[PDB]
Ligand SMILES: O=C1N[C@@H](Cc2ccccc2)C(=O)Nc2ccccc21
Ligand SMILES: O=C1N[C@@H](Cc2ccccc2)C(=O)Nc2ccccc21
Ligand SMILES: O=C(O)CCC(=O)C(=O)O
Ligand SMILES: O=C(O)CCC(=O)C(=O)O
Ligand code: NI
Ligand code: NI
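Chains as they are written, first to last, in my numbering: chain A, 4 to 291; chain B, 4 to 291.
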């Protein structure tokens, strides 16, 4: 069985989305530079350590899906300068997203999260994303273009023994799910900064951590059309932080109005025919 | 040809959604009381008068669909006490919406707008709503439950001669649109406070104003699943106004996290497993 296609972020940029469209998955080598990975890790480190279990009793929106050996930290903009500046303005991410979502219109971040898997974390069951937040997605026609995609960025090494992600190639086009098995999977072996890109229909899972010593970390960036509601809110992010961002980054975090691809688009999150950014007089690129 | 079913808001409450489900439209008699209509009208009056044309050059999100003899005013919460208190907490609206959207989960306001049609306003072309903002909706399977519904509330009399809404009964189930004609329509004749309820698949249009003297006004409330992005933003609504609302009204305006109907729902607009309202310490029902 054939492996996940590997593509250069520098050279093969126009080939990335067509590849995912065909196979359901692609590995983007050096999606983030090692410098960006280093700064991202440093900035999120303490927030990963203080994060409780996903289904902690203190939470009013507990995650009952993820294992107790998973830690997930979202709403990264206020935590990480590298995220809000480098990741949110990634030329590669934006080319892929505009290739992917042009049929629908504008796109934004549905969730940007760091996930850290403790030693001996078991494999996740094979799944498609979005089913515990957006039931609407299951009612889309089979040939509907993907309404969200997920960049699974390695922040530490992904190996077969430490739980590298499994994917079933071609499974984004499957309607009958009788042949879903771990026998049908291939692995996303990745160095830090490489990204596995999948769609919301790609059948995949986190792998089993089998060493008992290694901690695997990733940055998962679910990008989706602006017509779908994000899993996370940036409503509580301080205005100085928001005003430090580019207009594009502001749009990605829901601090701007949005547009569909309809020829006479009437817009999303508008205020009596005017945008959020015009109405609130929202500055951009103001240093902290 | 049969007329639009007419139902009591007081007596026939459980019958309303089943009726719309079957026929694509229903008239809810006295959906709003005359007192609520009176206060709503008084409060929005000046904002309708100052509103420019829908496609005004001053706007960065112009509406190129609506006629120059239409005035549309949305983001009503800061304008109208009657809207934000009485309309947003309507027992009838909430029963219908929970009946309609239980398969998907939470719902909210996609747009609440007052529309005023000037004398001699021409008929709109026959259409389905949501096509100039949510291209995603066209990619839903034919049997997918409606993801949004529209309450067209009469704020002045709707008559045949002054442009009462046209609907094609049963058209919410149509896939082939070859028989779409004004010959297939019936009218929503309504007194102020009556509401025409349709789905996002019901083929309908505003009627022709033929008197040359009468100004027709309506309150259009598009309610939709919380998984779809609103056409309008309440991000710029002052915090004192938001904190005056009920928790339910806050949720409807995007000032709360949201839930899907998935058995192990992980939530929408959450902040590291906690809700917007918990994180921002958002008060509710604090008088101005
Ligand atoms: O919690 C998340 N569940 C997944 C689904 C899933 C996870 C584990 C096992 C089975 C299913 C999801 O739908 N979305 C995301 C996306 C980014 C990070 C976490 C999740
Ligand atoms: O501008 C709006 N266009 C309509 C569609 C339409 C209107 C006129 C003529 C043809 C199509 C819509 O999709 N949504 C709404 C909903 C509430 C108020 C206005 C509109
Ligand atoms: O652990 C991984 O590599 C995959 C994680 C994943 O698919 C998820 O949490 O949704
Ligand atoms: O004018 C009416 O009664 C219908 C208005 C309408 O359908 C719309 O503007 O979307
Ligand atoms: Ni997943
Ligand atoms: Ni309409």
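Cβ atoms here follow ideal geometry from the backbone N, Cα and C, with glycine treated the same way.
Buried or exposed for residue i, going by 16 or more other Cβ atoms inside 10 Å?
| i | result |
| --- | --- |
| residue 180 of chain B | exposed |
| residue 53 of chain B | exposed |
| residue 63 of chain B | exposed |
| residue 158 of chain B | buried |
| residue 226 of chain B | buried |
| residue 169 of chain B | buried |
| residue 21 of chain A | exposed |
| residue 67 of chain A | exposed |
| residue 165 of chain A | buried |
| residue 290 of chain B | exposed |
| residue 288 of chain B | exposed |
| residue 175 of chain A | buried |
| residue 37 of chain A | exposed |
| residue 228 of chain A | buried |
| residue 267 of chain A | exposed |
| residue 45 of chain A | exposed |
| residue 232 of chain B | buried |
| residue 59 of chain A | exposed |
| residue 141 of chain A | exposed |
| residue 55 of chain A | exposed |
Using a cut-off of 9 Å between C-beta atoms, extract the partners of residue i located in chain A.
| i | result |
| --- | --- |
| residue 77 of chain B | 273, 274, 275, 276 |
| residue 238 of chain B | 238, 257, 258, 272, 274, 279, 282, 283 |
CA-CA distance, residue i and residue j?
| i | j | result |
| --- | --- | --- |
| residue 220 of chain B | residue 202 of chain A | 45 Å |
| residue 215 of chain A | residue 15 of chain A | 37 Å |
| residue 154 of chain B | residue 65 of chain A | 34 Å |
| residue 274 of chain B | residue 11 of chain B | 42 Å |
| residue 87 of chain A | residue 252 of chain A | 7 Å |
| residue 222 of chain A | residue 271 of chain A | 28 Å |
| residue 100 of chain B | residue 110 of chain B | 7 Å |
| residue 171 of chain B | residue 286 of chain B | 44 Å |
| residue 283 of chain B | residue 79 of chain A | 17 Å |
| residue 94 of chain B | residue 146 of chain A | 39 Å |
| residue 160 of chain A | residue 194 of chain A | 5 Å |
| residue 139 of chain B | residue 217 of chain B | 37 Å |
| residue 280 of chain A | residue 238 of chain B | 10 Å |
| residue 148 of chain A | residue 133 of chain A | 15 Å |
| residue 197 of chain B | residue 105 of chain B | 25 Å |
| residue 31 of chain B | residue 209 of chain A | 51 Å |
| residue 41 of chain B | residue 123 of chain B | 24 Å |
| residue 97 of chain B | residue 247 of chain B | 19 Å |
| residue 177 of chain A | residue 245 of chain B | 45 Å |
| residue 103 of chain B | residue 135 of chain B | 23 Å |
Along chain D, which residues have their Cβ under 7 Å away from the Cβ of residue i?
| i | result |
| --- | --- |
| residue 107 of chain B | This model lacks chain D altogether, as its protein chains are A and B. |
Taking Cβ-Cβ distances shorter than 8 Å, what residues in chain A pair up with residue i?
| i | result |
| --- | --- |
| residue 261 of chain B | 232 |
| residue 264 of chain B | 138 |
| residue 59 of chain B | 276 |
I want to verify the contact list: residues of chain B whose CB lies under 7 Å from the CB of residue i, in sequence order.
| i | result |
| --- | --- |
| residue 267 of chain A | 67, 68, 135 |
Based on the DSSP output, what are the partners of residue i in its beta bridges?
| i | result |
| --- | --- |
| residue 240 of chain A | Partner(s): none; residue 240 of chain A has no beta bridge. |
| residue 157 of chain A | A/221 |
| residue 227 of chain B | B/111, B/151 |
| residue 190 of chain A | A/169 |
| residue 207 of chain A | A/130, A/170 |
| residue 261 of chain B | B/271 |
| residue 277 of chain B | B/274 |
| residue 118 of chain B | B/75, B/221 |
| residue 32 of chain A | A/11 |
Residues of chain B with a CB under 9 Å from the CB of residue i: which are they?
| i | result |
| --- | --- |
| residue 103 of chain A | What residue 103 of chain A touches in chain B: nothing, since even the nearest Cβ is about 14 Å away. |
Could you please tell me which residues of the stretch 61-72 of chain A, in chain order, have their CB closer than 7 Å to any CB of chain B? Those would be 62, 63, 64, 65, 66, 67, 68, in chain order.
Relative to chain A, which residues along the stretch 122-156 of chain B have a C-beta separation below 8 Å, given in chain order? 134, 135, 136, 137, 138, 139, 142, 143, 144, 147, 148, 150
Beta carbons nearer than 9 Å to chain A: which residues of the stretch 207-234 of chain B have them? 228, 229, 230, 231, 232, 233, 234
Between the stretch 176-206 of chain B and chain A, which residues of the former have a C-beta closer than 9 Å to a C-beta of the latter? none
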